[PDB]
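Everything below concerns the one structure shown next.
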Amino acid sequence: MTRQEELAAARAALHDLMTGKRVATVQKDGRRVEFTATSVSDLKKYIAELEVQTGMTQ
């Protein structure tokens, strides 16, 4: 129902990784999101997709 939200929260850290955060690492039911302040940009796109996927069922 709403599993992409958890890491989408990780996105929150990720967008922060760009400045505040530094390294995000989460566990999902299909893929893994482990990133730092080097690929977080490319990741933010991936996580951004994730984000938009959040609350897929409301």
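Starting from 1 in every chain, residues are counted up; chains themselves are A, B, ... following the order of the structure tokens, and ligands are numbered from 1 as listed.
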
For this session: Tell me, as number ranges by chain, which residues lie within 12 Å of residue 14 in chain A, counting only C-alpha atoms; anything in the same chain fewer than 3 positions away does not count.
Result: A: 7-11, 17-26, 33-48, 50-51

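Residue-level DSSP output for chain A, from the backbone, shows strand (DSSP E) at residues 24, 25, 26, 27, 32, 33, 34 and 35 of chain A.
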
For this session: Identify all residues of range 2-44 of chain A in alpha helix (DSSP H) (DSSP on the backbone) and supply them as a PyMOL selection string.
Result: chain A and resi 4-17+40-44

Kindly export the residues of the current selection with N, CA, C and O atoms, as a PDB file, in the first residue's frame.
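Result saved to part17.pdb:
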```pdb
ATOM      1  N   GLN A   4       6.819   2.827  -0.331  1.00  0.00           N
ATOM      2  CA  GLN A   4       7.754   3.756  -0.953  1.00  0.00           C
ATOM      3  C   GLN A   4       7.891   5.040  -0.134  1.00  0.00           C
ATOM      4  O   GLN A   4       8.825   5.812  -0.325  1.00  0.00           O
ATOM      5  N   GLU A   5       6.968   5.265   0.788  1.00  0.00           N
ATOM      6  CA  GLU A   5       7.013   6.462   1.616  1.00  0.00           C
ATOM      7  C   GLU A   5       8.167   6.414   2.603  1.00  0.00           C
ATOM      8  O   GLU A   5       8.788   7.435   2.901  1.00  0.00           O
ATOM      9  N   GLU A   6       8.426   5.230   3.136  1.00  0.00           N
ATOM     10  CA  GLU A   6       9.483   5.060   4.126  1.00  0.00           C
ATOM     11  C   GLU A   6      10.811   5.598   3.609  1.00  0.00           C
ATOM     12  O   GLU A   6      11.427   6.468   4.228  1.00  0.00           O
ATOM     13  N   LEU A   7      11.231   5.115   2.448  1.00  0.00           N
ATOM     14  CA  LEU A   7      12.474   5.583   1.858  1.00  0.00           C
ATOM     15  C   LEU A   7      12.290   6.976   1.269  1.00  0.00           C
ATOM     16  O   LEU A   7      13.230   7.767   1.232  1.00  0.00           O
ATOM     17  N   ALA A   8      11.071   7.292   0.837  1.00  0.00           N
ATOM     18  CA  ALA A   8      10.770   8.648   0.403  1.00  0.00           C
ATOM     19  C   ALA A   8      11.099   9.609   1.548  1.00  0.00           C
ATOM     20  O   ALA A   8      11.474  10.762   1.337  1.00  0.00           O
ATOM     21  N   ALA A   9      10.978   9.111   2.775  1.00  0.00           N
ATOM     22  CA  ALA A   9      11.416   9.869   3.929  1.00  0.00           C
ATOM     23  C   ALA A   9      12.928   9.935   3.878  1.00  0.00           C
ATOM     24  O   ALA A   9      13.533  10.994   4.064  1.00  0.00           O
ATOM     25  N   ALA A  10      13.528   8.813   3.491  1.00  0.00           N
ATOM     26  CA  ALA A  10      14.956   8.766   3.251  1.00  0.00           C
ATOM     27  C   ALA A  10      15.320   9.809   2.209  1.00  0.00           C
ATOM     28  O   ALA A  10      16.319  10.514   2.355  1.00  0.00           O
ATOM     29  N   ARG A  11      14.443   9.996   1.207  1.00  0.00           N
ATOM     30  CA  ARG A  11      14.650  11.055   0.224  1.00  0.00           C
ATOM     31  C   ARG A  11      14.873  12.369   0.980  1.00  0.00           C
ATOM     32  O   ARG A  11      15.771  13.147   0.660  1.00  0.00           O
ATOM     33  N   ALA A  12      14.043  12.577   1.998  1.00  0.00           N
ATOM     34  CA  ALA A  12      14.116  13.775   2.818  1.00  0.00           C
ATOM     35  C   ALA A  12      15.539  13.971   3.317  1.00  0.00           C
ATOM     36  O   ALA A  12      16.103  15.061   3.213  1.00  0.00           O
ATOM     37  N   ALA A  13      16.136  12.889   3.794  1.00  0.00           N
ATOM     38  CA  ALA A  13      17.523  12.921   4.221  1.00  0.00           C
ATOM     39  C   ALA A  13      18.417  13.148   3.016  1.00  0.00           C
ATOM     40  O   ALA A  13      19.356  13.929   3.070  1.00  0.00           O
ATOM     41  N   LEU A  14      18.086  12.477   1.922  1.00  0.00           N
ATOM     42  CA  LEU A  14      18.853  12.587   0.689  1.00  0.00           C
ATOM     43  C   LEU A  14      18.919  14.021   0.193  1.00  0.00           C
ATOM     44  O   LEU A  14      20.008  14.561  -0.012  1.00  0.00           O
ATOM     45  N   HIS A  15      17.763  14.663   0.034  1.00  0.00           N
ATOM     46  CA  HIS A  15      17.745  16.060  -0.377  1.00  0.00           C
ATOM     47  C   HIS A  15      18.589  16.856   0.603  1.00  0.00           C
ATOM     48  O   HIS A  15      19.278  17.805   0.231  1.00  0.00           O
ATOM     49  N   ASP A  16      18.588  16.395   1.850  1.00  0.00           N
ATOM     50  CA  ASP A  16      19.423  16.978   2.874  1.00  0.00           C
ATOM     51  C   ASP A  16      20.882  16.599   2.627  1.00  0.00           C
ATOM     52  O   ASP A  16      21.776  17.409   2.823  1.00  0.00           O
ATOM     53  N   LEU A  17      21.122  15.385   2.126  1.00  0.00           N
ATOM     54  CA  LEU A  17      22.480  14.935   1.847  1.00  0.00           C
ATOM     55  C   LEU A  17      23.211  15.967   1.012  1.00  0.00           C
ATOM     56  O   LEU A  17      24.391  16.247   1.230  1.00  0.00           O
ATOM     57  N   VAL A  40      24.068  11.180  -4.658  1.00  0.00           N
ATOM     58  CA  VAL A  40      22.765  11.593  -4.150  1.00  0.00           C
ATOM     59  C   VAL A  40      21.989  12.403  -5.194  1.00  0.00           C
ATOM     60  O   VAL A  40      20.762  12.430  -5.167  1.00  0.00           O
ATOM     61  N   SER A  41      22.695  13.067  -6.100  1.00  0.00           N
ATOM     62  CA  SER A  41      22.024  13.827  -7.148  1.00  0.00           C
ATOM     63  C   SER A  41      21.307  12.872  -8.093  1.00  0.00           C
ATOM     64  O   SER A  41      20.086  12.950  -8.278  1.00  0.00           O
ATOM     65  N   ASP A  42      22.056  11.906  -8.613  1.00  0.00           N
ATOM     66  CA  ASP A  42      21.488  10.884  -9.472  1.00  0.00           C
ATOM     67  C   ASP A  42      20.457  10.092  -8.691  1.00  0.00           C
ATOM     68  O   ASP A  42      19.423   9.679  -9.223  1.00  0.00           O
ATOM     69  N   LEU A  43      20.738   9.912  -7.407  1.00  0.00           N
ATOM     70  CA  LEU A  43      19.834   9.204  -6.533  1.00  0.00           C
ATOM     71  C   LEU A  43      18.563   9.997  -6.321  1.00  0.00           C
ATOM     72  O   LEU A  43      17.463   9.460  -6.421  1.00  0.00           O
ATOM     73  N   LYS A  44      18.711  11.293  -6.047  1.00  0.00           N
ATOM     74  CA  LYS A  44      17.554  12.134  -5.797  1.00  0.00           C
ATOM     75  C   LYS A  44      16.539  11.971  -6.911  1.00  0.00           C
ATOM     76  O   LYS A  44      15.338  11.997  -6.667  1.00  0.00           O
TER      77      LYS A  44
END
```

For this session: For residue 3 in chain A, list every protein, DNA or RNA residue within 8 Å, evaluated using only C-alpha atoms, and leave out those in the same chain fewer than 6 positions away; present the list as a list in words.
Result: residues 28, 29, 54 and 55 of chain A
